[PDB]
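Note that the numbering runs from 1 along the sequence shown for the chain.
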Amino acid sequence: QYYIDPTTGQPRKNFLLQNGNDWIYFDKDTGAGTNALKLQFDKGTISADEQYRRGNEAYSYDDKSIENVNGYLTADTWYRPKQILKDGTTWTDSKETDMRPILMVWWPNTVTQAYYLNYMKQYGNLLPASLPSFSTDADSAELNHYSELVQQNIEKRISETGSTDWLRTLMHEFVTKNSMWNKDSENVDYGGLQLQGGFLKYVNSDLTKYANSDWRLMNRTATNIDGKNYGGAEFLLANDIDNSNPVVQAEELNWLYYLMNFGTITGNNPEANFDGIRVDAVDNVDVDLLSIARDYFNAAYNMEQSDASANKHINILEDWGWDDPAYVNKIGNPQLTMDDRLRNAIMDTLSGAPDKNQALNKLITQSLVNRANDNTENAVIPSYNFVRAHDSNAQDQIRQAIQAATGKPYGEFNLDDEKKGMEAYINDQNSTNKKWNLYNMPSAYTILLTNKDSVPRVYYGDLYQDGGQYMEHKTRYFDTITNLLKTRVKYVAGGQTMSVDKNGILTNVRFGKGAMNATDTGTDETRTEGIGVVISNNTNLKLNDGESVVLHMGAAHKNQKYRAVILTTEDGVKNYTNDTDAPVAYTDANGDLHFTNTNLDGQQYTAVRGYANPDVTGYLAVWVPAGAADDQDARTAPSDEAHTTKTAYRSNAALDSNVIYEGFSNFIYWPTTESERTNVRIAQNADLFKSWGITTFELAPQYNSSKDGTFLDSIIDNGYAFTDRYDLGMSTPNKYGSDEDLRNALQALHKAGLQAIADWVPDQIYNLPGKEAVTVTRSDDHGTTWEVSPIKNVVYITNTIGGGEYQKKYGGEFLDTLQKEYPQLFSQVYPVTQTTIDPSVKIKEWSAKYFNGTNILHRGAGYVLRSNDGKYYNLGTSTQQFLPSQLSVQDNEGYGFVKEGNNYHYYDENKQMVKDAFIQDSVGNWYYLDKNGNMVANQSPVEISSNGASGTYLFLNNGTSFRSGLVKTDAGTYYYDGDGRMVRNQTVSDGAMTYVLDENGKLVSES
Ligand SMILES: OC[C@H]1O[C@H](O[C@H]2[C@H](O)[C@@H](O)[C@@H](O)O[C@@H]2CO)[C@H](O)[C@@H](O)[C@@H]1O
Ligand SMILES: OC[C@H]1O[C@H](O[C@H]2[C@H](O)[C@@H](O)[C@@H](O)O[C@@H]2CO)[C@H](O)[C@@H](O)[C@@H]1O
Ligand SMILES: OC[C@H]1O[C@H](O[C@H]2[C@H](O)[C@@H](O)[C@@H](O)O[C@@H]2CO)[C@H](O)[C@@H](O)[C@@H]1O
Ligand SMILES: OC[C@H]1O[C@H](O[C@H]2[C@H](O)[C@@H](O)[C@@H](O)O[C@@H]2CO)[C@H](O)[C@@H](O)[C@@H]1O
Ligand SMILES: [Ca+2]
């Protein structure tokens, strides 16, 4: 049962021997002999082709074996295969860490497969650089051979690097070059409020049921409560919160309570709570939120009881829609509407270039208030007005200056870029011809701060340079505007008149406290109060000799000395902060002040004429009575008299006595030292703000920025773009300081008698790190289906799960207290939902079910993998378990080596019988299927063309092709080479053995 050559001691291995009628086969490994005629084909044999198919199957359909999102697969999915083609050569059982890209073994179509091969060649170096591009007409057999070659090469590179890090990067780079897997399939469009290039609305589906909602009532703003009109755009930025969901509404109330009691809650400090809110993005949320905030404020503070009660909590609305004020008034002015008519009148008549400004008359009429003869109180819709805001004529133009100074694309910049753009923006601000800054700021602010029936709001960036550390540099308008502010405190009160003369010149008068009309004789304090303003926007203004400008100061101001507050000069303006050295003018017996093209009593700059300089383009002069005491204060305290209408604010002298300060710019820099922190500096300057008559300080939103760079707000970290609603400089400081700095700023403000406004931002949340599979539809800013998009009811990977530790800690945590103290909040029925809020679920973590939609995420319409007929692959978590065929186990019945009658056959991948072909098995044996498809296993030399020319083969009874071995017969000994072909007429070596074969193949000698 062993065969040795007794003369050499050496054993014969892989040796077929005839002994009489018996044949003995001595095996390859040990030379152990068996009856050759009883060798049987191994029924469990599989081909090398089948071994390859199976190696690449998924190890299992576990979450652990196949990267997924809610069970769905993506173009980025890696998986654990059953086996790894280790080092490109050796199939080896996979470890749990042997993840491989699905795109190594699967492609959505042959085109993408072809493109994959070209990419892996060109950028991966995973095929020879010489090889020709595979084209659209490329053959499947050819694609598969080179796909297998890429795998072999990938495996080789993994073996040498010991890593797949490189392959993660390479594969993702390839993925993003496919339209179906990048922004190109997402219909990028910036129309309307698609600020980030488009939206996907979330829709109900059986495929993503955990993301369903019964709400998502969109665009239900002041003009669209019943949903039967168009309304404002629901979608604006990032992850849109569904504020029509009663559970979300209760969480919005919870958050509002957190802000209003922030000091108590986070610092056990009753001096560090906010006093009012700004409602951000009013026209982009369910208007129910306005009544919800109302009702909370009513219950906590009795807002509607009196002016004294309402005015202790000044609230504002970011409500741009021109129909909003009528509605806000109807619901009780719980938060002050803006007057966007009036701000636009300033834009059209003062703020434009000399060739743009329109007739000044618009200032009188285009407003919630007609100001020709404003001689009454509590008669109009109360409102705030402003000339600029952090995002109104600031952020676009400042980005334009940065683009100009650096040449980088619009809205892209680092800190150095910003500084360089800021230098260009300030130089422009200091020019007569401005490209990026508004014109006539002193005149615009003069209108802002001398208007009756208005709460003016002063913008930080008109006092201090927008970019810089907080309050680091002043604008050219700082002296002008603060002079206006102190002057407003001291003198501005009573009735108002405005008119425009035949020369287009505006006269604006306030009579002083105690006088409503030009004919009122006034009270004690009227005399040295009031103000007279002359404005032109005509840089070429020239009065003809004899023509005049008359300010009708009124019957309280007959035969009276006036002095200038502001006069225009050739190069700028002159400010007078008190009577000293201020030019004077006297009213006549009627109370009229007269100006002409001639100076008054030799006083330079007292003639009316046009100028053009960096301050004034046109004309500005401002006059007040001389001889006011230094402590004169023309403000009115709010009455505690019961209201007789359902309203918080009323437009009257007490409300008018308020000034809001928007105390930030988007372009405040991150502090380099603790002393540079915005909130530190606010705390130190509370008495200064007070001295300007600021009664409420609007702080920036205090939420830590998501820092994700996806919009300006998360580039310059203003606090409008955040993951964690309750994290106010708490996990780490915000741009303005730590939460302790915020609390100290609130306390300092309160010590000075100022209120503080919390910026309430219910519209959206950014940068949620948890992926989620959600059925979506590409849509416009109103959630109208984007008709040309293929993304309609398509599963898409969103970033919707998370919200930070403070949302977790505080989410829904004050609802108990609110229900206990103010049960009436929980029975109110809101007009859009037509139901109450729902405190029964606390939101501690966000997910898709709580959102209306998302900006487009550039993952591509087909990022979530589907079969040809549109069926989604899935582990079975959210829909039917279904995997690509290459990942799945196959039914092996009638495939591979099949016995039929007395013969074995081989059926290929198409269940087709294989004829006249060699097939190798998984352990390296070769078999041959003859021209009738029958395996040859007859142990006799047979002629076969493997292609040219004909060779002599021998197949043992198990079907294996005999190779690299001797066959000793009674008629002679023959040698078959490494290809299983009989050797004739040469000398060969096989290991230590040298064989000489004659022309018939008979062994002549060995050694
Ligand atoms: O004409 C309908 C018009 O209305 C809305 O736009 C408003 C927006 O809601 C306001 O906040 C503000 O910007 O004024 C706009 C004009 O009223 C829709 O959002 C818009 O698509 C639509 O054109
Ligand atoms: O901030 C959300 C707000 O943005 C848009 O409003 C513009 C407005 O159209 C302009 O007049 C400009 O001066 O400033 C605003 C803020 O950028 C939307 O139109 C509005 O509906 C939305 O609430
Ligand atoms: O608010 C006083 C103002 O009212 C009228 O103008 C309104 C007009 O009634 C409205 O339809 C609205 O859309 O805008 C106008 C103001 O911009 C008077 O015509 C006007 O003289 C008066 O100042
Ligand atoms: O065909 C391009 C098309 O795109 C946008 O139109 C949207 C539209 O805004 C939607 O409300 C809805 O009807 O689907 C359309 C896309 O199929 C652009 O607004 C439009 O100008 C343009 O024609
Ligand atoms: Ca919204």
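For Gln755, there are no side chain to side chain donor-acceptor pair (under 3.5 Å) partners two or more places apart in sequence or in a different chain. Under the ring pair (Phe, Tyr, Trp, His ring centres under 6.0 Å) criterion, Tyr830 pairs with no residue, sequence neighbours left out. By the side chain to side chain donor-acceptor pair (under 3.5 Å) test, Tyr726 is found to be paired with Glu251, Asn254, residues two or more places apart in sequence or in another chain being considered. For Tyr464, the ring pair (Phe, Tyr, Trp, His ring centres under 6.0 Å) partners at least two apart in sequence or on another chain are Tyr460, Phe478. Residues passing the side chain to side chain contact (heavy atoms under 4.5 Å, CB included) test with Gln469, sequence neighbours excluded: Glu472, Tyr669, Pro671, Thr672, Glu676, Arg681. The side chain to side chain contact (heavy atoms under 4.5 Å, CB included) check on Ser878 picks up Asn70, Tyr72, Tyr210, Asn874, with sequence neighbours excluded. Taking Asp708 as the reference, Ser706, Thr710, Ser714, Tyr766, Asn767 meet the side chain to side chain contact (heavy atoms under 4.5 Å, CB included) condition, with sequence neighbours excluded. Considering only residues two or more places apart in sequence or on other chains, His782 meets the ring pair (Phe, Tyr, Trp, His ring centres under 6.0 Å) condition with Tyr230. With sequence neighbours left out, the side chain to side chain donor-acceptor pair (under 3.5 Å) criterion links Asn393 to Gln397. Here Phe199 pairs with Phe235 under the ring pair (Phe, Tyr, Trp, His ring centres under 6.0 Å) rule; sequence neighbours left out.
Sorted by first then second residue, the salt bridge (charged side-chain N to carboxylate O under 4.0 Å, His left out) pairs that include residues 745-766, not counting sequence neighbours, are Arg278-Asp759.
Of all the heavy atoms in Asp240 and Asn284, the pair that sits closest is OD1-O, 4.4 Å.
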Counting only pairs under 3.5 Å, give me each side-chain donor-acceptor contact of residues 296-309, with atom names and distances, residues two or more places apart or in other chains.
unit_1	atom_1	unit_2	atom_2	d
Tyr296	OH	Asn261	ND2	3.3
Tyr296	OH	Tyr301	OH	3.4
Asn298	ND2	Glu304	OE2	3.1
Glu304	OE1	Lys646	NZ	3.3
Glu304	OE2	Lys646	NZ	2.7
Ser306	OG	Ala308	N	3.3
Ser306	OG	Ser309	N	2.9
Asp307	OD1	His643	NE2	2.8
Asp307	OD1	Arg650	NE	3.0
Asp307	OD2	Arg650	NE	3.3
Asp307	OD2	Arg650	NH2	2.8
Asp307	OD2	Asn652	ND2	2.9
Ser309	OG	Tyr301	O	2.9
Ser309	OG	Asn302	O	2.6

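Distance alone, capped at 3.5 Å, places no donor-acceptor pair between the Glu186 side chain and the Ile856 backbone. Under a 3.5 Å cut-off, the side chain of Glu698 and the backbone N or O of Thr696 do not form any donor-acceptor pair. One N or O on the side chain of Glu662 and one on the backbone of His390 form a donor-acceptor pair closer than 3.5 Å. Counting only distance, with no hydrogens or angles, the side chain of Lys844 and the backbone of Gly811 share a donor-acceptor pair below 3.5 Å. At distances below 3.5 Å, not a single donor-acceptor pair connects side-chain atoms of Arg216 with backbone N or O atoms of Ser244.
One finds a salt bridge joining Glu252 and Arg725 here, because a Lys/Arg side-chain nitrogen approaches an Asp/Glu carboxylate oxygen to under 4.0 Å. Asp339 has no carboxylate O lying under 4.0 Å from a charged side-chain N of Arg343, or vice versa, which leaves the two without a salt bridge. Ion pairing between a basic and an acidic side chain is recognised when a charged N comes within 4.0 Å of a carboxylate O; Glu740 and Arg743 show such pairing. A salt bridge does not link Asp687 with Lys690: every distance from a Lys NZ or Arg NE/NH1/NH2 to an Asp or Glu carboxylate oxygen is 4.0 Å or more. The pair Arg388-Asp462 meets the salt-bridge criterion, since a charged nitrogen lies less than 4.0 angstrom from a carboxylate oxygen.
Within the 4.5 Å cutoff, side-chain heavy atoms of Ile694 are placed close to those of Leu754. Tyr202 places a side-chain heavy atom less than 4.5 Å from the side chain of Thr854. You'll find the side chain of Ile791 reaches within 4.5 Å of the side chain of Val776, heavy atoms only. Residues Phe711 and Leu236 have side chains not in contact (no heavy-atom distance under 4.5 Å, counting atoms from C-beta outward).
Using modelled atom types and a 3.5 Å distance limit, the side chains of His750 and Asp275 yield a donor-acceptor pair.
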